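FYI, side chains are in, hydrogens and waters are out, and symmetry mates aren't considered; it's all heavy atoms of this structure. Proteins come first, then strands; the chains are lettered A, B, ... in the order of their sequence lines, and each starts at number 1.
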Amino acid sequence: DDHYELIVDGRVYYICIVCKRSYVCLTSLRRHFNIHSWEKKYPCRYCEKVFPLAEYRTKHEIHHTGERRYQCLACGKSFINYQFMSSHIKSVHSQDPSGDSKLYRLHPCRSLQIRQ
DNA sequence: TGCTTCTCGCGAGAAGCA
DNA sequence: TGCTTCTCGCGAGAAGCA
Ligand SMILES: [Cl-]
Ligand SMILES: [Zn+2]
Ligand SMILES: [Zn+2]
Ligand SMILES: [Zn+2]
């Protein structure tokens with residue numbers, strides 16, 4: 001196998017046999033275990049780097065295009081990810097984006113083709 | 001440094017199957 | 001197909017470099 005189950009109080013966890021990490025969702029555990037097996041590879045279309053998770057590759061690639069999908073709605077400035085946007089708003093606007101705040105807009109990804 | 005890269009539950013599309 | 005199963009984007013707190 002790649003995991004074993006661990007049931008406490010009827011709550012089911014899925015444990016990675018390699019690093020004993022705990023996962024509520026099995027799909028989560030798979031996504032993780034690929035970093036141990038490298039069974040699937042996610043090569044960047046723009047350079048030679050390869051990634052063990054699809055989302056790593058996607059963040060990387062969007063970084064290649066320079067696209068700025070995250071826009072502060074308080075002053076209009078755009079940012080390439082959640083952390084720059086959040087850091088901006090907290091610091092400049094002394095406000096917290098977390099939750100249904102409507103303090104930022106996430107634009108569709110246009111600089112390359114991903115799910116939407 | 002307060003500010004890349006990591007983490008994974010959640011659920012919406014995409015792919016697989018019939 | 002319409003039904004299910006799978007993929008992975010996303011938030012946002014956390015760990016990690018330097
Ligand atoms: Cl842009
Ligand atoms: Zn593991
Ligand atoms: Zn690349
Ligand atoms: Zn702003």
- Task: Please report, rounded to the nearest Å, how far the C1' atom of B:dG2 is from the NE2 atom of A:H88.
- Result: 16 Å
- Item | A:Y56 OH - C:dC10 P separation (whole Å) | 16 Å
- Measure from the side-chain N and O atoms of A:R57 to the backbone N and O of A:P43, and report whether any donor-acceptor pair falls under 3.5 Å. yes
- Residues forming a side-chain hydrogen bond (donor to acceptor under 3.5 Å, both in side chains) with A:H36, sequence neighbours excluded: A:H32
- Phosphate oxygens OP1/OP2 of B:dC3: is one of them under 4.0 Å from a side-chain N or O of A:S87? yes
- Query: What is the distance from atom CD of A:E61 to atom CD1 of A:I114, rounded to the nearest 0.5 Å?
  - Reply: 10.0 Å
- Message: Taking 4.0 Å as the cut-off, does a side-chain nitrogen or oxygen of A:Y42 come that near to OP1 or OP2 on C:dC8?
- Response: yes
- Task: Between A:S22 and A:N81, name the one whose nearest nucleotide on DNA chain B is closer to the 5' end.
- Result: A:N81
- Task: Nearest whole angstrom, please: distance from the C1' of C:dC8 to the CD1 of A:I114.
- Result: 9 Å
- Query: Would the number of heavy atoms belonging to other residues, nucleotides or ligands and lying under 6.0 Å from CZ of A:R68 be above 12?
  - Reply: no
- Item | Global bending angle along the helix from B:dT4-C:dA15 to B:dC17-C:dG2, which compares the axes of five pairs at either end, to 10 degrees | 40°
- Message: Run the side-chain hydrogen bond (donor to acceptor under 3.5 Å, both in side chains) test against A:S111 and tell me which residues pass, sequence neighbours left out.
- Response: A:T65, A:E67
- Note on the structure: Atom CZ of A:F33 and atom P of B:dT7 are separated, to the nearest Å, by 15 Å
- Can you tell me how far P of C:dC8 sits from CD of A:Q116, to the nearest Å? 16 Å
- With heavy atoms under 4.0 Å as the rule, sort A:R69 into base, sugar-phosphate or nothing. sugar-phosphate
- Answer yes or no: side-chain N or O of A:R31 and base N or O of C:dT7 forming a donor-acceptor pair under 3.5 Å. no
- Base, sugar-phosphate, or nothing: which does A:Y23 touch, judged by heavy atoms less than 4.0 Å apart? sugar-phosphate
- Message: I need the single residue from A:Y82, A:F79, A:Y70 that forms a ring-ring contact (aromatic ring centres under 6.0 Å, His included) with A:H88. Which is it?
- Response: A:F79
- Item | Rounded interatomic separation in angstrom, taking CZ from A:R57 and P from C:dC10 | 14 Å
- Query: Taking the side chain as C-beta and beyond, is there a heavy-atom pair between A:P108 and A:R69 under 4.5 Å?
  - Reply: no
- Just call it for A:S86: base, sugar-phosphate, or nothing, with non-hydrogen atoms closer than 4.0 Å on any strand. nothing
- Item | Spacing between A:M85 atom CE and B:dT4 atom P, to the nearest angstrom | 16 Å
Would you tabulate the nitrogen or oxygen pairs shorter than 3.5 Å linking the protein to nucleotides 11-16 of chain C?
{"from": "C:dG11", "atom 1": "OP1", "to": "A:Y104", "atom 2": "OH", "distance (Å)": "2.7"}
{"from": "C:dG11", "atom 1": "OP2", "to": "A:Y70", "atom 2": "OH", "distance (Å)": "2.6"}
{"from": "C:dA12", "atom 1": "OP1", "to": "A:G99", "atom 2": "N", "distance (Å)": "2.7"}
{"from": "C:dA12", "atom 1": "OP2", "to": "A:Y82", "atom 2": "OH", "distance (Å)": "2.8"}

- Whole angstrom value for the distance that separates P of B:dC8 from CG of A:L26: 14 Å
- Evaluate the side-chain proximity of A:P52 to A:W38: yes if any heavy-atom separation is below 4.5 Å, no if none is. yes
- Identify, with sequence neighbours excluded, every residue that meets side-chain hydrogen bond (donor to acceptor under 3.5 Å, both in side chains) alongside A:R30. A:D2
- Task: Please identify each residue that fulfils side-chain hydrogen bond (donor to acceptor under 3.5 Å, both in side chains) with A:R105, with sequence neighbours left out.
- Result: A:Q71
- Task: Between B:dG2 and C:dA18, how far apart are the P atoms? Round to whole Å, please.
- Result: 22 Å
- Would you mind telling me which residue lines up with the more 5' stretch of DNA chain B, A:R115 or A:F84, judged by nearest nucleotide? A:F84
